[PDB]
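Below: the structure, in structure tokens.
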Amino acid sequence: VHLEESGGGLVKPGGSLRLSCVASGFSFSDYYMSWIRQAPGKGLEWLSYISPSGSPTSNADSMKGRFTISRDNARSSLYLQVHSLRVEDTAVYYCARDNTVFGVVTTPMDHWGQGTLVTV
Amino acid sequence: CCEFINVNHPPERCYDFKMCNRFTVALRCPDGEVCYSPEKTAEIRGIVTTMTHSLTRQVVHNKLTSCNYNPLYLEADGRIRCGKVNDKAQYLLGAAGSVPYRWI
Amino acid sequence: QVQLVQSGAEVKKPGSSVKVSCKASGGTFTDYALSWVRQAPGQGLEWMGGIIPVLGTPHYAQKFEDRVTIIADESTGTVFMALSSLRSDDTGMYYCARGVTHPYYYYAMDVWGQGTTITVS
Amino acid sequence: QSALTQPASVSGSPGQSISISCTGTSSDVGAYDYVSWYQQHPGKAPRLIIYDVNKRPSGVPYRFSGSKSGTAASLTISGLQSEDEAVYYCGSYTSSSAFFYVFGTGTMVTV
Amino acid sequence: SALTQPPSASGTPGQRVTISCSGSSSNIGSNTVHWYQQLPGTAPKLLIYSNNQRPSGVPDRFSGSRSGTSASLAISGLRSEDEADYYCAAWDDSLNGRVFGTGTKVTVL
Amino acid sequence: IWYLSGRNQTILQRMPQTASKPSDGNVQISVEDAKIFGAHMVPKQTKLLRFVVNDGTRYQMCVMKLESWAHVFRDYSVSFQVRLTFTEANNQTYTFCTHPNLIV
Amino acid sequence: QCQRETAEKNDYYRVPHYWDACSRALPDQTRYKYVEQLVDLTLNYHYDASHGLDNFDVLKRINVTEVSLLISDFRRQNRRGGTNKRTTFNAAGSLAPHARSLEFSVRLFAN
């Protein structure tokens, strides 16, 4: 098991950039992977997950409509795209692998990748 | 109940299910008692429904004795209640669409 | 009363096959169920398989599906065991068994043969 | 289960009544009933002393007495004599996909 | 973060730390609680993945516990490697999503 | 051709259409065909036939009992009554064959 | 008929045979075809039986599902093919704890 993220750094406000996560060690395409952003000040808030071969599931009721999660199961890769890059969206991002049992979620976030910092 | 709750790979030929706590289901399968517990309740049915066709009528009848061999409905949080005729047939235990008979 | 008579004792080299035969008397052969119970000297009893004659499907255990075959041929009350790929764990005491109370349903194990010894070393 | 959970040995004294227990699952014992018992002397074939749960054939003695409560089963042997020194097994019909008959691990009752 | 935790806690090397995570009937009262530990400067690590279940690699001195619509994390025999950040998480059906806690600080002196 | 002599008489072709309609008039047959039906039919017979059904991971063996009466009355009116009952082969209660609990 | 008002008030208690007493009534185009096929099969069998050539292959065409559904919907209401002057066909069902019976009488007339 290994999860490597990329696609961060210093991005100007008003743009859009995609954060990518690559999984390794396992290639059955049955993975319930999720993303988490964490603003500086050490606060974790859940963003979203996605079905192992299907539709994404929306954000929490704090704020919505800004985050999209895409999959490339040929690459076994996960992606997040932000709608707009507000200055409060400077944060470190984690991709997490959940492996499903019979289509439901078991073992939530037992493997986290290296966080990727986005400055805006 | 189990002491190992989410460590087993998906089983194949299970024959019983049991509720030990409000979150963990225990599937009695030929490899033993494989337990599972999801993040949420109202998704235990997604695990139990995959093995409902292997249940016999005596196991169903002793899952709820006072219901008099009527088909059982699986609730979302894993509980058993007595079925009703307008309940969904996929979530009903022991009812059938076609009787699998054969002549000798 | 129903009586059960098995075959003789057998010594088997590893990598062989065994053809254990069992005969019965004094009962309804087809309606009732027959089974084969094996015990090692250091182990308890173990149901491995059986057949109800003229039903079309002998029943096998999951530890014996690829090796044990059951034949219920001949007009008499006989039954035949062909087991392949003999190992050292297959040495033990084998019992023909049959029920006389409830037909067709494997409910109780009524009459027992005197047993045979299959020894592999 | 792969076998009914049964004690290793019970060594009650002569002149007393002893109880042998048997715990199985709710898909083997307590759902289907049919809790059979078997007797083995060291040289002899196994012998059915109790079938169904409490039915006792005319060919076996009157002293045996079997019962089932919940998923557990009991055999009370009253007035122990020297003939009872034997291995006692349990057995049941099952809904298991692996096999059709479950056999207990056997208790060595030594008098 | 709709799950409420105290901001910080303090301890002694070899002592016990009790972390409380509170919620309502919509998030803990229906769905499980998972505790995650993040050491300072590392990716977060799973500590308890059910109401009382440890993964492989987590020592037996970490223990999870449950009370109604709330959860507790107990660390026995505190060391310097336990000085991290701890986050409780639970699924909410009303909001339909995963909810984390505010955050706890466990300081060992 | 004794077996083929009364194979296609009008009563045996009219009764399936009579049982499948709410009304079939007041007269359908004649007296010679009624005499043929009286000559070609046994007063009573009963058969037992055996069928297995798949109950979960197990099976249940059951019996159809099919008994029938055939009669011709004094007013040259024919009758053919059939009783078909289902039983469990060892007299067990609330089984799969007695109560399949079908859903239509 | 089915007392649906108090049959399902309790979620764990049922009177026996709740399912067949309160199932959906069969459509007419299905029920009448079932009755016609059953009458044809039993009539061909009875003719072959009175001849003595026991052609029991026609009993293999009898469907257990169809006959059990006919018993289920004939139990509460007895459908009849009754003409205004005299009855021609009628049927009834019987449900027991240990048995499940279907009865019908077909009467043709020459007057």
Take the residues in the stretch C:73-89 that are under 28 Å from C:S25 (Cα atoms) and buried (at least 18 other Cβ atoms within 10 Å of the Cβ); name whichever of them is farthest from the chain's Cα centre (by Cα). C:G77
Residues of the stretch A:5-24 that turn out to be part of a strand (DSSP E or B) and under 19 Å from A:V82 (Cα atoms), as a count: 9
When you scan the stretch B:1-64 for strands (runs of 3 or more DSSP E) that lie fully inside it, which ones turn up with 3 or more residues that are of a type in the set (A, V, I, L, M) and under 13 Å from the mean Cα position of the chain (by Cα)? B:25-29
Any chance A:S27 is out of contact with any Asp or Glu (no Cβ under 8 Å at 6 or more places or on another chain) and in a loop (DSSP other than H, G, I, E, B): yes
Do we find a residue being within 7 Å of chain F (Cβ to nearest Cβ), of a type in the set (S, T, N, Q) and either under 18 Å from F:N8 (Cα atoms) or surrounded by fewer than 17 Cβ atoms within 10 Å (Cβ to Cβ) (or both) anywhere in the stretch G:42-55? yes
Considering every residue within the stretch B:74-97, establish whether at least one is out of contact with any strand residue (DSSP E or B) (no Cβ under 9 Å at 6 or more places or on another chain) and hydroxyl-bearing (S, T, Y). no
Is there any pair linking a residue in the stretch F:25-45 that is facing another protein chain (nearest Cβ under 8 Å) and closer than 15 Å to F:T10 by Cα to one that is exposed (fewer than 13 other Cβ atoms within 10 Å of the Cβ) and not hydroxyl-bearing (S, T, Y), with Cβ under 7 Å and at least six apart or on different chains, and which? F:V27/G:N111
Being touching a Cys at 6+ places or on another chain (Cβ under 9 Å) and within 14 Å of another protein chain (Cβ to nearest Cβ) is the filter here, so list the residues in the stretch C:49-96 that pass it. C:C96
Given (1) within 14 Å of another protein chain (Cβ to nearest Cβ); (2) not acidic (D, E); (3) not in a strand (DSSP E or B), number of the condition D:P61 does not satisfy: (1)
Filter the stretch E:18-35 down to residues that are farther than 13 Å from E:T102 by Cα and under 11 Å from the mean Cα position of the chain (by Cα) and give me whichever is surrounded by the fewest Cβ atoms within 10 Å (Cβ to Cβ). E:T18
Can you pull out the residues in the stretch G:1-22 that are within 10 Å of chain F (Cβ to nearest Cβ) and over 25 Å from G:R61 (Cα atoms)? G:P16, G:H17, G:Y18, G:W19
Going through G:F109, G:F74, G:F104 one at a time, which residue ends up being within 7 Å of chain F (Cβ to nearest Cβ) and within 13 Å of G:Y34 (Cα to Cα)? G:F104
In this structure, is E:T42 surrounded by 15 or more Cβ atoms within 10 Å (Cβ to Cβ), on the phi < 0 side of the Ramachandran plot and not charged (D, E, K, R)? no
Given D:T71, D:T107, D:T76, which one is more than 8 Å from every other protein chain (Cβ to nearest Cβ) and more than 13 Å from the chain's Cα centre (by Cα)? D:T71
Just to be sure, is A:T116 of a type in the set (V, I, T) and over 15 Å from A:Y32 (Cα atoms)? yes
Go through (1) facing chain F (nearest Cβ under 9 Å); (2) closer than 12 Å to B:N70 by Cβ and name the single condition G:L38 misses. (2)
Keeping to the stretch B:14-29, report how many residues are surrounded by 20 or more Cβ atoms within 10 Å (Cβ to Cβ), touching a residue at least 40 places away in the same chain (Cβ under 8 Å) and under 18 Å from E:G29 (Cα atoms). 1
Take the conditions in a loop (DSSP other than H, G, I, E, B) and crowded, with 18+ Cβ neighbours inside 10 Å and apply them to D:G12. Does it pass? no
The conditions are (1) part of a helix (DSSP H, G or I); (2) under 13 Å from F:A70 (Cα atoms); (3) more than 9 Å from every other protein chain (Cβ to nearest Cβ), and F:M15 fails exactly one of them. Which is it? (3)
Somewhere in the stretch F:62-77, is a residue touching an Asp or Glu at 6+ places or on another chain (Cβ under 8 Å) and at the interface with another protein chain (Cβ under 7 Å from one of its Cβ atoms)? no
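Cβ: placed from backbone, ideal geometry, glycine included. Neighbour counts: every protein chain shown. Values in this text are rule-based calculations from the coordinates and carry no lab data.
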